[PDB]
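A lone chain, given as structure tokens: the form deposited in one PDB entry.
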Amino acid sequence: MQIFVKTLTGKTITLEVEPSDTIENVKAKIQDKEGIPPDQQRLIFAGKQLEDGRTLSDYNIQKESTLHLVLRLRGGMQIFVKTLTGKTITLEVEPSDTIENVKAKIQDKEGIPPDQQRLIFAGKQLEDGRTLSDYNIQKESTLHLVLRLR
């Protein structure tokens, strides 16, 4: 069922699901549709905020309608990034994030181009193509940012 949503500002690209998908699969179609991660979004339909573990047909999500959805201030996992100057910034991440995604997040916070960022963890240099999980980076882990001198 092609289903759209209304928000405070407005953002909706090609989307589509059917009531058979799980409560996490609906938040998945919003991933590529609304642009906010799944654990940062909480969905509500006519005053019923359906959680994960309840079929979307048990309380039929009407097809092809405009729903209101509210967004969280935080996700479920933050890591810290430390600048040489001592400043600490907090990143909302997911274990599947590559360290290249992490650098794109730093650019959004600090305006530094990812090309210019070197990241250190557990005494080792991090490689763009790997994921937080590959490095065993976990909630409240601390990365160290060094800028390239080149």
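Counting begins at 1, following the sequence as shown. Think of the rigid core as the biggest set of C-alphas that the two forms share within 1.5 Å after superposition.
Of the two segments examined, 112-120 and 38-46, it is 38-46 that shows the higher average Cα temperature factor in the deposited entry. Between the stretches 87-95 and 48-56, it is 48-56 that shows the larger average CA temperature factor. Out of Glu140, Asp134, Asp128, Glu18, the entry records its largest CA B-factor for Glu18.
Residue-level temperature factors show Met1 in the highest third of its chain, judged at the C-alpha atom. Among all modelled residues in its chain, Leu8 ranks in the highest third by Cα B-factor.
Placement of the Cα temperature factor of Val70 within the chain: middle third of the modelled residues, per the deposited record.
Just so you know, the form deposited in another entry exists too; it's not on screen, but the next bit is about it.
Of the residues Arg118, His68, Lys109, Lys82, just one CA atom moves 2 angstroms or more between the shown form and the other one under rigid-core superposition; it belongs to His68.
With the core held fixed between the shown form and the other one, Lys6 has its Cα displaced by at least 2 Å. Here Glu16 counts as shifted, since its C-alpha moves by at least 2 Å between the shown form and the other one after the core is aligned.
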